[PDB]
Structure formats: C-alpha cells, structure tokens
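To keep things clear, I will list the structure first and then write my remarks on it.
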Amino acid sequence: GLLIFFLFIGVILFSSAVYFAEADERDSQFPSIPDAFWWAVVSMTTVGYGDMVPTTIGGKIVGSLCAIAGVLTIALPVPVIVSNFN
Amino acid sequence: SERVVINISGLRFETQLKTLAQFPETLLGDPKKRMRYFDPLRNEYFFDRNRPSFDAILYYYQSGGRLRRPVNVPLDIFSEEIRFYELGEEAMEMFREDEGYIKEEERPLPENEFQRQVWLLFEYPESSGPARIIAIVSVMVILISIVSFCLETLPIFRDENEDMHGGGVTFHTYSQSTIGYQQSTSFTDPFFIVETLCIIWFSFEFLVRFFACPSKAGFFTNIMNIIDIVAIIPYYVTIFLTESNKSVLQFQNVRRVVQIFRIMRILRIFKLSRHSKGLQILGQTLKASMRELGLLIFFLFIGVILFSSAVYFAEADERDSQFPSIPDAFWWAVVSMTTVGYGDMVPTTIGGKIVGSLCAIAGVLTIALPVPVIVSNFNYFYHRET
Amino acid sequence: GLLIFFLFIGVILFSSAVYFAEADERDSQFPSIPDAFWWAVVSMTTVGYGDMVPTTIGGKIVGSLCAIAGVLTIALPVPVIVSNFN
Amino acid sequence: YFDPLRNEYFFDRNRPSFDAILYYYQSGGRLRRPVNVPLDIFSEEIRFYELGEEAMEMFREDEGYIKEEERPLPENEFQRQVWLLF
Amino acid sequence: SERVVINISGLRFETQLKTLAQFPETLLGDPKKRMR
Ligand SMILES: [Cs+]
Ligand SMILES: [Cs+]
Ligand SMILES: [Cs+]
Ligand SMILES: [Cs+]
C-alpha cells in the first residue's frame, strides 16, 4: 500500500510541476494536470514510453527529478516484499 | 560407570568411561593412548590445548556421532583439534561435508607417456609456456571466428553481388546467401577461407583432446566438449547438404535446414567458456537456479496474460487501438513489465492507461523476487573460487 | 570486467538471433548483425530507446528473452561493487 | 542421578543447553534457546529434562514453527476415497 | 613441565610453564613480571 501511496504522492507533485512548466507552449504535450499523470507514472516506474515528453528547460528539469525520485520510491518497499517472499 | 575427568587448560570436563569407550580407536577412547595425559595426583587427564573446541569433541561421544563445530570457533583451529583427538577420517570427512567443503578429482593421462604429455597443453594451460600459448592462440581463433561470422551479414560485403540491384538471382549467388560465404575448393571467398581456417583449428582441438583423453568414457559428458563439437557441426553438415543437393531446385528444398545450421554457428561464442572462469561460474549459477529461473518465467507469463487481456478490452472500443488481439498485447505486456518499454505500443484510453500503470508496477515487483536468490547463487560460486 | 564481458556475450547472441528472425523482411530494422548490437545493449540495460524494435513473432520472442537476460546479467556483478562502495 | 559422595546430581549431557534449562526455573517460565545451540539438540534436552509439552509448544512458537491440520473425509468410505484424487 | 594456574576474576586457567616461557618478553612469560 505504501508503494501505491508514495507513487500517488509523486504523480500528483510531478504532474503538477510538469504541467505548469510546459503550460505556456502551443505544442505542450500536457493538456491538463490529470493528463500528466500518465507521464509521471510512466517515468517514475521508469517504463518511460516516450509518448509524452517535456520540451522546455523547466519541464526537463522537473522530468529529471521525477526520474530520480521514482527510482528511490520503488526501491524502498520492495526489499521487504522480497524478504517476505524468501 | 567409572567417571572420567578431563581438564582442558583448566576447564573441567567429566563423563562416563563407557561414553568414551564407545569409540575405541580415538585418543580418549584408547587407554594406551590417553595414559600419557593422566595426572595421578588429581585423578584427571590434562591437555594444554584450546578450550572452546572441547565441548564439541566431548559431545561427539555423548551424542554418539554428532560432530559440529562451535559457532564461535575458527575452522582451522577446530580441524586441528579433531585431528589431535584422533576422531578418525570417516568423521572428519562427514564433518567437512556439513561444514561446506567437499570434492576432488583429476588423474593425468593413464601412462600414455605421450598421451598424458599432450593432454597437458590442450587441457591444462597451467603447465608450461607452450601450453599457455595454445590458450592465447585458441582464444584469438575464437574471437576471429566470431568477428567473421558477424561481418558475413554486413551488407557492405553481401551487397556486392551479381543481383545487388535485382536482376538474375544466380544459384551460387543464392546458396552464398543462405550460407554467408561461397564454398569452393578454389577458396576464392575470403569468408569461406577464415571460416575454414577456424574450423581446422577447432577440428584440431577436438580431435587432439579426444585422443589424448584419459577417460574417453565420459568425454561427451563434459559440457565443455559438447560445445567443441557443436562449434563445428554446422560447417561439415552444410558441406554435406550443399553436395547432396547441387542443383538450384534441390538446394531450395533443403534451404530451411541450411539456414538453421547457419544460426547454430553463433553457439561458437560459448567456446570461450573454457578460458573464462566467470563464464563457468555463470553456468553453475544457472544450473543451481533452475527453480527460481523458472518461477521468473512463470510469473512473467501469468502477468503477461492478465495485463494483455485487460489492456485489450480497455482499448477495444477504439478505431485506433494499438492492440488488435490479446495475443498481440503480449509484446506490450512483456515490454512494459521488464520495463524495457519500447513505446511501439501504448494504451490511449483512461482504462488502458490504468491497466498500464498496474502492469508497470507489478512488473517491477515480479522480477525483483527471484533475482536475489540467483544473485546469491552467483556470489556463492564466484567467491568459493579460493 | 565480468559485467562488460557478460554484456558482450549477450549482445552477440541476441543480435544474431534477432537479425535472423527479422531477416526475411522488407522493413527489417536490423540491416546486419553488427547493426543489432545497439538494439541489444539498449534493451539489455533496458534503456530501450525504441529506435529499433523487432516486428516478427520470432524477433519479439528473442526480444523478450533479451530483456529478461539483461536484467539478470546486470543484477549480478552490481551487489559486489555496491559492497566495495559501502 | 544423585552422587552421594559429592552431594550433587550428575548428568553426562550437553553443556551449552543447561544455562537455559536452569534459567527456565529461575525466571519462572522463560525458555529461550541459547543463540549458539542448534535447535535439534536443544529440543532433545527440553524433552530429557521433561519440561512438559505446554512449554515445548510455547518454545516452538517463539522459535518460529507452528501449525498442523488436515483430516481425511470423515468416514465416508467412498467420500474420503474420491477426496484423495481431486 | 611444572604446571601454572592463572585465575582471571575466578575463571580458572592452567598451562605448562614452558608454554608461557615460549615468549620471555611478555608479562606471563617473565618471572619478574608476573611475580606481582
Ligand atoms: Cs525505457
Ligand atoms: Cs522509449
Ligand atoms: Cs532495478
Ligand atoms: Cs528501465
């Protein structure tokens, strides 16, 4: 559950920031904050399909932090789960 | 039930004489052997030795066989004690098994004089300067046979043919495609040359090994020898097939097979496992991780089907659905689960994207499970090198 | 070194198989075996750029195994390195 | 087990285990297995000193183990007969 | 082989004098040093 919750907190944060950082664009790939949820989950789990990508310096900065925070978030609850498994 | 007192550097131990008498061939069980350590003034046997070890030695008599090393006692010390108290080899062996160790083999070429002489240059690089040169030369040949096999596909070398622009697919132009090189006792083709020099060497190694072989009994048992054989089977089987089918219409009837054996040449990369410890370690790791490795594929399978199904239905009522059928979505599911996510297939509907999120997360967890074990088995074999 | 070596062994294997499995195609994204090296390293490290992707059932089967073998290969030498670090 | 010459009880048994057996009396119930003593050995001692099943059970719980169930088809003759193939 | 008894806060240790004499410069190996 903590895994889903943390992912949730991250999605909203990064979806919001990316949205605003790409807002003043005629070709913004992020129509709304809820639209950016897909991109955020995709880059956090790092599955990164590339079907939505920031284009502005700001968006790309937000994206970098989203990529890094994603890797750490997942890496936390897993070790335990993995244990219970063994 | 006469009692017996054993004093180990001041630490007092007592037991019954019948307890020690249980093992007549040991030091404490032999009256003539312990006699030397008896102190008639204190009515006890005294040994100026290691204290932590003795609880275990004594328990070995009391338990009737159990010889465990105390958790807090180094293995080098405890084995020295086992020897001193002369518990015997049968017990030390079983002790060493439970402690981890266990193994031993070899045996140079039985007599032979010359057999056992050659079998030291193609089997033991750790013997002489020359024998170590063979390894160097053998590796080169392998790396080369690999680079060769690879260039044979480079269009820069195969687009320089008779029908490069599309105008008359010749027979010896068609068979050179299916093979990668032009076979001919004229040795015109550079590739057919190198590929031939390499098979000569690989054919040499195999024969030499098979003759200077000590136990030709289990030669085709050693997985390493199986590789040496498969590394050359394509070459000769191809010749056989191109000669048995020397006409356009017949070679076309056996082209499939020919192609298969061309693919089988890649297995020559595994010929490096003879000069690579790590490659050998990995092999052992895989043989030891059969169940987890399988569980990994099974779990991935269960996940693929589930997520392929859900994504399919969630993207079904779409004119531009990237998922034609459930089996088509298998690719997407494996791609997103292993998280390699190529993006060549992506959901577009809220539902599909929800399914995709769960597929991404479930993928990360699934993989992360069996790995830890595999990784372990690896470290076990990797470190248990010395 | 073992990390680079194992990656090397994997690249060649999967580059070869993918090549042949996508050979009889007019739109094969794999011109030669050496060309497929890029795809193999890209999918094994799982960075998977999607700039080269198999299209035939066979190619996709090879790709699945390449993705899985990649994840395991990397995961081996790392633990040690990570240790030396700590 | 009494030795009238030395006014003591003598047991030709395992040494590391006894601290625990004795402490069980002193503490009034606590039966812990010494960290350095194998579980197979310690349980044999628990049985020898006849600490009783109520204590062994609680000991085994804290040690990890715990479980047990089943029961074939009650009579049935044929019920309990089929319930062995499915 | 004169024996030597060493008492460490009540824990009893015994060894042979030649065992300690093996290292003459240590406390237990020096008669003048352990005397105390
Ligand atoms: Cs990716
Ligand atoms: Cs991508
Ligand atoms: Cs990872
Ligand atoms: Cs990834």
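Here Swiss-Prot sets the residue numbers for chain C, with the shown residues being 329-414 in order.
Any Cβ shown, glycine's included, is placed from N, Cα and C.
According to Swiss-Prot, the features are:
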type     : residues  : note
TOPO_DOM : C:348-361 : topological domain 'Extracellular'
INTRAMEM : C:362-373 : intramembrane segment
INTRAMEM : C:374-381 : intramembrane segment
MOTIF    : C:374-379 : motif 'Selectivity filter'
SITE     : C:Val381  : site 'Important for binding with the scorpion mesomartoxin'
TOPO_DOM : C:382-388 : topological domain 'Extracellular'
Per DSSP, what is the helix/strand/coil residue tally across the motif 'Selectivity filter' (C:374-379)? 0 helix, 0 strand, 6 coil
Let me check the 10 A CB neighbour count of C:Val381 (site 'Important for binding with the scorpion mesomartoxin'). How many other CB atoms are there? 24
Give residue numbers and ranges for long-range contacts of the topological domain 'Extracellular' (C:348-361): same chain, 6 or more residues beyond its ends, CB-CB under 8 A. 340, 367, 380-384, 386-387, 389-390
Could you count the residues of the topological domain 'Extracellular' (C:382-388) that DSSP puts in helix, in strand and in coil? 4 helix, 0 strand, 3 coil
What same-chain residues lie close to the topological domain 'Extracellular' (C:382-388): Cβ under 8 Å, and 6 or more beyond its ends? 346, 349-350, 353, 355-358
Three states by DSSP: which one describes C:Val381 (site 'Important for binding with the scorpion mesomartoxin')? coil
Can you tell me how the residues of the topological domain 'Extracellular' (C:348-361) break down into helix, strand and coil by DSSP? 3 helix, 0 strand, 11 coil
